[PDB]
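Quick notes on the structure that follows.
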Amino acid sequence: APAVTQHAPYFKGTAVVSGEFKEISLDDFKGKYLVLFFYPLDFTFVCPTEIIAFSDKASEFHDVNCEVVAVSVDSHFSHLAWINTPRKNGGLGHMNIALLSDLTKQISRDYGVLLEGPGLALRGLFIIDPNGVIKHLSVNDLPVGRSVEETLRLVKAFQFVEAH
Amino acid sequence: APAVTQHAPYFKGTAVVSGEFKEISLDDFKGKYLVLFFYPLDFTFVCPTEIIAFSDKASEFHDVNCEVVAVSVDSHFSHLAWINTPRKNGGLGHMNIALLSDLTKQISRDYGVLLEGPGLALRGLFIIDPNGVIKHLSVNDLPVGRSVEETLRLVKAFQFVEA
Amino acid sequence: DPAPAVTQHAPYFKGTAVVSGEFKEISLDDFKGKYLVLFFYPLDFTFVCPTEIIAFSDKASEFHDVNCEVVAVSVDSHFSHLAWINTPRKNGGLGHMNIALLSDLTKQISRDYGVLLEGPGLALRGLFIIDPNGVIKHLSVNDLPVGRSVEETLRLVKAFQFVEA
Amino acid sequence: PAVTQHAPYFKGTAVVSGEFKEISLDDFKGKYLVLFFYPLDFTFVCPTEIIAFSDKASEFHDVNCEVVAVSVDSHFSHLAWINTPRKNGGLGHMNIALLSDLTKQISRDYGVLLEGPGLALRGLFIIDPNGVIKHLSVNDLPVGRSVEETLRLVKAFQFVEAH
Amino acid sequence: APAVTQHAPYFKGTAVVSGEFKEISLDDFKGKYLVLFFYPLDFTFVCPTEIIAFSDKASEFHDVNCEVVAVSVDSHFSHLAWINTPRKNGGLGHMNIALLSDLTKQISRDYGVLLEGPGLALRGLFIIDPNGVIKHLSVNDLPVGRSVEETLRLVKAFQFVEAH
Amino acid sequence: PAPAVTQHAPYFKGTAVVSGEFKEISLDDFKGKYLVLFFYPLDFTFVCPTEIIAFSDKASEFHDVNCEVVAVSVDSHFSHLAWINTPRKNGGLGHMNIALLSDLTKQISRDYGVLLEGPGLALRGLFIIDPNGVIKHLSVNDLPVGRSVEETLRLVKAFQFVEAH
Amino acid sequence: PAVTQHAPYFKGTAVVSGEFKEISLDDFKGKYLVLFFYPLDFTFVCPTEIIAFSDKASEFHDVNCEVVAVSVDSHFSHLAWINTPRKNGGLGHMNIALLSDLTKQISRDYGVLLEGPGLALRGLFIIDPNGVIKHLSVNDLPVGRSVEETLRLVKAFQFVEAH
Amino acid sequence: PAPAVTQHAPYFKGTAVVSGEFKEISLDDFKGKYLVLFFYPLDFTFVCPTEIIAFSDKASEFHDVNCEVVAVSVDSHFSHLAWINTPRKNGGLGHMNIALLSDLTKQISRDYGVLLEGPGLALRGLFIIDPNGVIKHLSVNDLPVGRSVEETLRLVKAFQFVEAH
Amino acid sequence: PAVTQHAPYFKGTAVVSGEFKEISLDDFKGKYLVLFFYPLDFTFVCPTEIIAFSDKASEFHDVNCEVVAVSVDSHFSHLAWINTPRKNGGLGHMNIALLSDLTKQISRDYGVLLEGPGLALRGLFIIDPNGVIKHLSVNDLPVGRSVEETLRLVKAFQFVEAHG
Amino acid sequence: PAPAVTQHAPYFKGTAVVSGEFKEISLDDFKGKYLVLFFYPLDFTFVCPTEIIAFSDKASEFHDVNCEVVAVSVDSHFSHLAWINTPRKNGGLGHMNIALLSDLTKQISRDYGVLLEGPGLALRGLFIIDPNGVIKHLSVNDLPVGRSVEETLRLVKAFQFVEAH
Amino acid sequence: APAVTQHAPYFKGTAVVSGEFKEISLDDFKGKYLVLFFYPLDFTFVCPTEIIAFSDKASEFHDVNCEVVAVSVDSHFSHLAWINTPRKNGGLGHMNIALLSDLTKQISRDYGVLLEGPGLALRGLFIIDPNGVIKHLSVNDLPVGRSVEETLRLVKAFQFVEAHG
Amino acid sequence: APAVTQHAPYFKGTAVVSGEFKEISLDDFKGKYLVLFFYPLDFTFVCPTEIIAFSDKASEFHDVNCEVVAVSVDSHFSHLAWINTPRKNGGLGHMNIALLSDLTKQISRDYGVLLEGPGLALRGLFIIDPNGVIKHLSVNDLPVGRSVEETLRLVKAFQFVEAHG
C-alpha cells in the first residue's frame, strides 16, 4: 500500500534512461533509496521546473545512494520527444533521472495519485528506503511544484535515523 | 463492440483542430460522412505516413462531405507537440485533419480497438454515414499502415449506393 | 479464446468447398503454416459479388507466391457454388475459379466469424488475413453492396510479411 | 406439424413468374395449398418432381389449389435454376411458386429441417382453405413423389368436404 | 423416433398372421423392408378397401423382399373376428398381410399417429428399410384412402437407390 | 367421487349399442334408477359371453325393480355391434336386452379402478349404483371367472329393502 | 389393494377355537384364504353372515381354504361375543378364526377402513395359495353376502388353476 | 389446552352408554360440575371391572358433591353395552351409575396423552377436571394396576374446599 | 416423562439423616423409588405430606422402596426446616431424603416446573428397580396426597412383577 | 439499561420481606431515593449473615441520607422470613431493618450479572443506584468474603457530596 | 472475562516502574496477588488522591505478597511526566507502584471499564489472585475515589480464606 | 476523504487555545487556509522541534490568512501540561498555535494517519483551503520532522495560483 511504514506497491514499466528505453521495476532499487515522483502530462508548462530541478540535483541524490524517477501517464515515446525538446522551448533537455511511462495508468493507480476522470496523476512524491518501505510521501495539486532541496534534506534525515 | 449496420458508439474529447484545442463529439458530424481512424502512439515511426497521407488528401474527403478524425490514447498536448515537429524531423507538420485525444482510453475501448495490456489502440478505421451508422470498418495490427486512396474510394462507393 | 478480432486466433471452421470444380472438405487446419485470406460475400447469383470473387481468382497465383491461400465463403450450398462456377463469366457467372469456394450451409462459419446477419440469414462482406500461426492480423467488413480492393488485400499480406522480416 | 393441426405460419421471398414476390400462408386463405420441400437447388435428384408439379400446375389450379415448392436456398439461386434450361439439368419456366427459405425457419417449423446439414427433407403438405393440414408425407432426399397421386388426394379431400 | 432418416420406434404386439395369433416385433423385420400402416377401427367400412388392396398385392411386395403390417388399436380377437367375416358381408375376409393389434395404443402413440381424444390411429404409413430406418412416412386424415401401387413404387424406388 | 363403497360413482359418457343402434349414454341417464355397471375384458373371446348373456336373459327381472344393466369393455362400439350380430351358436352375443357400452379411451375402466394397464383391458368388475349415484356394492373377479347373476339381483333387492325399511 | 395383486400383509391376535392366537398372512401360504371384514362386535347386522361362514367352514376346509373374520374390536370383545349364545344374539361356537384389528392397520391396508367412524366396511377377499388377490367385494354395512356364492368362487378359481 | 395440571382439559365428544341408552356426550356437558374422567385399556378383561364397579357403587357420593364420573376406553359403545348387560358374577359390569364412553377413533385417548399407539389402547389415566374445565389432578397407572375410588373422592372434596377459600 | 418410559436422570444435594449427600437416580437401581415434588420449604401447605411420608418411611423400606422429596429450595433451607420443631411448623427429624433442586432442572426434567414462579407442582413418581416409571400423579399446589395410597400402589406393582 | 456504572439499573420486581410482612417491591419504588442493592448466595449459610446484619445495624444511617438498602438472594421469601425468625445466636438473621428481596426465578440475579448459572445462586454483588435509577458504583466479591458497610455508606455520602458541590 | 471467579483477561503494555519504562503483562504477577486499578486521565484533579494513597501504602501490599498497578489510556510518556511533576502542582511525584499505559485502550476494553464515547476508563479495580483469578472487582463513576485501606483489607481476607476457611 | 482535491474530513475536539480549553472544528476555519498537522505523542524527544517551529512562525501564517493546528491522540490535559513544561526541560512552552486533542483517535483515523497498532498518528500535514479543500498533504515516519518554511511557501504558492495562474 501507498502509506508510510508500509512496503511500496510493486511497479514495472518502460522508462527513458539516458536517452534509451529500458524496462525498470521496484526490484531494481532494492538496497538503495528511491525518490519516485509523479507529474500530470508531458508538454505542459507547470511540470518541467520541478522535473529539471530533480535532474540538476540528481548527482546529489546519487551521492547518498538515492535514485530518482519521474512518472507520468504519457508513453515513453512522448517522454523521449520531450527530453529531445531543449529547455529554451519548454522541453526537458537531457535528463539525469529516469522518466517512467505509466501508459496503462496502473502505476499511478497503485500509488493512489491517479485522477480517474481525466486520467492523469496528481503530483505525488514517495521516498522509499532500501527495503522498499515508504518513509515519506507528499502530494500537491497540479499547479504547484515542490522544493527539491527539502526532498534531499528528508532523504538525509532518514538515513541519519537509520545510522544512529 | 461496433459492427457494420449498427450506430457508431458516441464519443467526445479534446482535439487539436487547426493548431488549437477544441471539444468535439460524434454529434458534431451528423449530416456528414466521417472517417474515424485510430493509431497507436504519437512520436513513433510506424504512424506518421498514414496520418500525413490522410491530411494531404483531406480536401478530397471534404469535397464529398466527409470529415477525417485521427485518434490515439495520447493527450492533446502530445498531439500539438507532434504537429509542431517539422516532417523532415519525423513529426506531423501542419494538419488538415483533427487529432482527437483519447486520454481516458474510453473512446478506443468503445470502438473495440483498445489493447488493454499495453493501453493503446490497434489501427481501426470506421466509415460512419450522415446518420451515425457504420458502413465500413477495418483493423490492422500495430505495425501496418493502410491506403488513403482505398478509404476515399470506399466513401465514394457508399455515396454512389444512394442512387 | 479464439475470436474474430485482430491479435486473436481465428475461429476453427470446416465445411464442404468447391476446389478445382470438385467437392472437397477443408478446414482452418489445412492452412496452418501459410497465410490465409478468408472473405465472406452475401449470396451466389447476385450481381454485386462476382467482381470481387473473380478479382481474387485472377490474383490467386500472386497470393500463392507470397505463401497465402484464398478462400471465399457464403451461406449458399456447395451445389450453388458449383453451378455459379459452371456459368461462364460472359453470362454473369463466376466461370473458372483458382480459389476455394467454401459452403457455409449451416451459417455457423459466418456466425463464428462475427459476420452473419441472423435475421436475413447471410453474411456481411468481411475479410480476415490470418497468419501462419492462425492469428488474425487484419480484418475489414463492408456492408453487402460494396466490393473491396484485391490489390490492397495483396499489399497488406505482403506488408505483414515485410514487418516480420 | 401433424394432420388435423393448423399449418405453421410461413412468409418469405418467392420466385413467381420470373419475379421476386413476398408470399405468406395468409395469401392462400380460401384455397387449397400443396406445400412441398426439396433439399437443394442444382442437384440431380430434385428437378423431376419440381418439373412434374409445374407441368400439372393448371390441373391443381382448376380445382382451386395452389402449388408452392420450398428449399433453404436463396431466391437468387431459385431464379438461376429457372433460367437454366431443362435439357441442361435446369428447371426452365415454372408454373408454380418457388419459395426461398434462406433462414431455414420455414423448414424448421414444418418439421422437415435436417439441422446438421441445414437442408429440408422431401416433405409435402396438403393444406385446406382454412389453413388446416389434411395430409403430409415425407421422403428421404433421393426419392421423388408421384404428382398424380398428390392431385388425386387433393380431389379426394374436396370430395369429402362436399358429401 | 417416427421421422424420416431416423430408426423406427420399436414395437411388439400380438398379430393375426394367416388366421393365427403370433407375437411380432420390429426385430422380426431386420434384413427386410417393412410397410407399416395404421387404420382407425375394425368393423367399420372406410378402412377395408385400403387393407384388402394391400392384401391382394402382398405377393408383389414379398417379391421385392418387403412385408406389410396393418395396425389398429383393436384387440387381436377383433382382428380375427373381422378376418373371419367374409367380404360379401363387409368383413376383411382372408388376409395375406399381418394384422397387428395395438390394444394398449402405445404403438400408435410411439408412431405419432394416435388421436388421443378418441383413442384411435390416423391413417399413417411408414416404409422402413432393412436396418430399421424410416425412408418414407405419410399421414392422411381418417376418411381418405391411399394408393397401394404408389407405396409399391416407393419401396422399389428406395431399393433402386440402395443398389445404384 | 371415487370407485369405492359409500362414495359417488365416477361420471361416465360413451357410445353404447342399445337395441342394435348407437346411442351416447352417461351416468346422468340413470339418476332415479338403480344401475348395475359391469365390466368384461374383450369382445370375441370365449369366457365373457356366459356372464353377458346371463345378464341379458335376466334383464327384465332387473327392470321390474327399477334397475338398469350396462356392460362395459374397452372395445369400440363397432366391435360391440358385430359381436351382437354374431349368433350365439357361433360364439357371438346374439340379441341383447342390455346396453353394451364402449370404453375405447379406457378412461371409464380407469375411473372405475378396473383397468389393467399392462394389457390395456378391464378386470371383471361390477358396481351397484343407487338412484343417487352412490356405490352400494362392488366386486371384482380375475379374468377367467364369471359371476352369479342371481346373486346380483338379490343384492339389488336387499339394498332396496334396507332403503325402504 | 386390487385383484391380481398380492394381498397386503396382516398380523394380529385372533380367537381360534376359544383361544388367543397370533396369526398372520404368512400362516396361509399353500392354502386359499377368505378374509372378510365386518363393522363391529355385538351389533345385530353382522352375526348372520359370520354364523353362515362358521356353519359352512368344513366345506371350505375340504377345498384347502381357510376363513378368517376381521373387525376393529379387540380379541377380548371377539371372545365375549363367541361366549354369548346365538339366541341371545351372540356368535356362539366358532369354526373360523376371528382376527382382532385393534390398531385399525389391517382395515387400513385392505382399503376398507372408514376413517371418520373408525370401523371397516364389509369387504371380502379371496386370496390364493401364493397370497395373490383373486376376488374382492365390498358391501355397505347393513347388507350380508352369500356364503354359497363365496364357496362357488373359491371352487371356480381352483378349477381354473387345475385345467 | 393440554392434559397438564393447571391447563384446560382437552375437548372430547363421543357416544356413551348412559343408563343403558346410547347418548352422545362431550366435555361441555360437564361445565359447572367436577368431572372425573378415567381411562382403562379394554372391555371384557379380567383386571378392569373392579375399578369401574367401585366407581359405580360410589357414584352417588360423587354426585352429592357435584361430581360426574366418566369411564373411557377405545372399545365401541356396543361393546360397553354388552359388558353392562353381562352380570357381575360372570365377569361383567352389571348395572352402571357412571357413563361408559366409547373412544372408538382413539382420538380422546390421544388428546389426553394416554394412548399407546402400538397396541392401540389407553393407559389408565385419571383426570380431575373442575367446573371451569381446568385440570386439578391427574394420575396415570400402567395397564395392570387399579385405582382407589376413595382417594379420588377425597381429592375432589379437597379441591372444592380449597377453590372456595 | 410418561408411564412405561425410563425416569429422567437426576443428581443433586440432599439432606440425608441430617447430613449433606450427593444423590442420583443411579443410587436407586435395584430399588423402588417414590420421588415426590413439593412447591417450597416453610409454606404451611407442604409439611403434612412430607411428615406423613417420613412417619411411614420404614413401611416403604420394608418393601425395598426409597422415598425422596424434592423442591427448588437449597439444601441449606431443607436442613433448616428439618431443625425446626414440628410444634413450630417445622419438619422435625426426617426418615426420607430431602433433595435440593436449586437449579430447577430436576423439576423441569420431570415436567412439573411452573416456569413463571419457578417452583414445582406436586408431582409424584413411582419408579421401579430398572428405573421405569410405573405411576405418576400431579396435584395443584394447595392439595396433599395420601401416603397410604402411595404405599398400596408400590405393593401392587410389586405383586404384579412377582405373580401376575 | 444494564449492570454497568453510568447506565440505568436493570428493572426488578419481586416479593420482599419488609418488617415481618410480604411486600411486592420494584426498582420504581426507589425513584427519588438512593438505593443500595446487594446480593448474597443463600439463606441459612454461615458466610452471609455478618454482612446482612451489619447493613441492618447501619440501616438508619443510610435512611438519614435518604438511602434504602435491600438484600437479595435466590431463596423464596418464605426462607427469608424463616431466617429472620431464627435468633442470631443460632446463626439466624434475627430482626431486619432492611428489605430482603426474593429472587426465586433468578432473573434479578441474572439481569444484574451476578448469577452463577451452574449452581444457580448469586455472587456477592452490590450496586449503589442514584435517585434517577443510574448506577454510580458496583462491586462484587467471591462468596466467602464480606464487605465493609462503613465503606458503602462513605461512598453513598461521597456521590451525594458530588451532586451538591 | 472480567467477572469474579473467572480468570482475568490477559494484558500487556509499557509501564513506568521506578522511573523507567518496562513492558509488563498479567503473567508477570503469577504467584502474587495483584490489585489492578484504572483511572480516567493523567493531569486531571480527581485521580491523584487515589493513586497517591495507593503508592503511600504500597509497602503494606508488598508485605502480603501483593502488587499494585495503576492503569489509564494515557501514553507511558504522560505517566512519566506526571510522576515528574511535583505533588505541590497537582503532579504525582515519586510512585511506589507501576503506572501502566493503555494507549490502544484495549486493556480498559478487555476489563469492561472503557467509556467508548470519550475514550477513557471508569475507575475500576480488580483483585486478582496468584493463579490469575478475579476475586473482587469494583467500579466507581469518575468523580469519586476509593478507600485504599478497604482494598488492603479485602486482599488480606482473601488470603485468610485461602489459608483456613 | 484525506486526498488532494477532495474536501477535508470534518473534525471537532477539545483544543488548548491560548492556554484555555476550547472546542474547535473544521467549520471554524471556513474562509481561511488551515495547516492541520499530526504528531505521535506529547512528552517525546522527537516532536517538539517541529511543534515549536510552527509556533515560532505562527505570525507568518496569520499574515497570509492561514491558521495552524497541531494534533495528537493525547488528551487536552496532557497538551496543557506539555505547554506548561519549559522548553529547556523538553516542554513546549507558550504556544502560538492550537493543540487539538484526539483522545478517541477518530481524527487521526479519518485523516488516514492513525497507526492502529500502537494507537498514535504518523506525522501527517494537510494544507486546507478556505472552502475546506485539501491542496497538499505530506506524511513522515515518526522520527523525522518537516521544514516549516517549506509548508509556508506552499501556502503562499496556492494563494498565488488562486490569485493569478
Side-chain angles (χ1 to χ4, degrees), chain A residues 73-75 102-106 108-109 114-120, chain B residues 1-17 21-42 47 50-51 54 66-76 78-79 97-142 146 151 154, chain C residues 3-8 113-115 124 126 136 138-143:
Chain A
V73 300
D74 295 278
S75 81
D102 185 18
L103 192 55
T104 78
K105 303 184 197 310
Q106 200 52 47
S108 297
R109 194 169 278 127
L114 180 64
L115 257 12
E116 298 268 15
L120 46 84
Chain B
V4 172
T5 72
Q6 158 232 258
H7 297 266
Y10 181 80
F11 72 81
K12 173 194 170 181
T14 308
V16 187
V17 181
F21 306 147
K22 219 220 184 308
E23 211 59 16
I24 72 174
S25 77
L26 182 60
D27 294 342
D28 299 324
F29 305 94
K30 276 188 173 69
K32 278 160 147 38
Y33 280 85
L34 161 64
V35 178
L36 187 72
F37 78 101
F38 288 77
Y39 62 99
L41 285 182
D42 289 346
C47 333
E50 182 171 330
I51 306 170
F54 271 112
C66 182
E67 297 303 311
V68 184
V69 172
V71 197
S72 86
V73 300
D74 303 280
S75 86
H76 56 277
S78 287
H79 281 354
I97 63 187
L99 266 46
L100 175 64
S101 175
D102 185 33
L103 220 206
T104 71
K105 304 186 198 299
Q106 191 67 42
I107 300 158
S108 299
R109 194 166 288 120
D110 289 345
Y111 277 76
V113 301
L114 184 62
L115 260 11
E116 290 279 1
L120 45 64
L122 286 163
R123 310 233 219 176
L125 179 152
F126 299 83
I127 292 180
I128 297 146
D129 76 5
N131 298 130
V133 176
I134 301 169
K135 308 300 294 182
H136 165 92
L137 62 81
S138 74
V139 183
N140 296 311
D141 216 352
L142 297 187
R146 67 176 36 84
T151 305
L154 289 168
Chain C
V6 172
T7 73
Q8 306 299 300
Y113 278 76
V115 293
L124 295 158
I136 294 163
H138 159 94
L139 68 77
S140 66
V141 180
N142 292 312
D143 196 2

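The analysis underlying the following values was restricted to heavy atoms, covering all of them including side chains, and did not include hydrogens, waters or symmetry mates. Each chain gets a letter, A, B and so on, in the order the sequences are listed, and its residues count up from 1.
For the pair B:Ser72 (side chain) and B:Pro40 (backbone), a donor-acceptor distance under 3.5 Å is absent.
B:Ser75 and A:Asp74 get closest at one heavy-atom pair: OG-OD1, 4.4 Å. For the residue pair A:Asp102 and A:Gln106, the shortest heavy atom distance occurs at OD1-N, 3.1 Å. Shown here for C:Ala5 and C:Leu139, the closest heavy-atom pair between the two residues is CA-CD2, 3.9 Å. Here the closest heavy-atom approach between residue C:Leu124 and residue B:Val4 is recorded as CD1-O, 3.9 Å.
Residue B:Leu125 is tested with B:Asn140, B:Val35, B:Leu154, B:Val139 for a side-chain contact (heavy atoms from CB on, under 4.5 Å); the sole match is B:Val35.
Using the six-membered ring where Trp is involved, B:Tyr39 and B:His79 have ring planes that are tilted, between 30° and 60° apart. Between B:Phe38 and B:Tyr111, the two ring planes are tilted [angle within 30° to 60°].
Side-chain contact check for B:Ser138 and B:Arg146: at least one donor-acceptor pair (N or O, by modelled atom type) lies under 3.5 Å.
Listed by first and then second residue, the side chain to side chain donor-acceptor pair (under 3.5 Å) pairs that reach into residues 119-128 of chain B are B:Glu50-B:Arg123, sequence neighbours excluded.
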Item to check | Audit row: B:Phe37, B:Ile51, side-chain contact (heavy atoms from CB on, under 4.5 Å) steps and yes/no | outcome: CA-CA 9 Å; B:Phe37 78 101; B:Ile51 306 170; 4.0 Å; yes

Checklist entry - Does the pair B:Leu34 and B:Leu26 meet the rule for a side-chain contact (heavy atoms from CB on, under 4.5 Å), with working shown? => result CA-CA 9 Å; B:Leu34 161 64; B:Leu26 182 60; 4.1 Å; yes

Checklist entry - Going through the checks in order, is the salt bridge (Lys or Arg N to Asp or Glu O under 4.0 Å) test met by A:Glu116 and A:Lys105? => result CA-CA 9 Å; A:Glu116 298 268 15; A:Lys105 303 184 197 310; over 6 Å; no

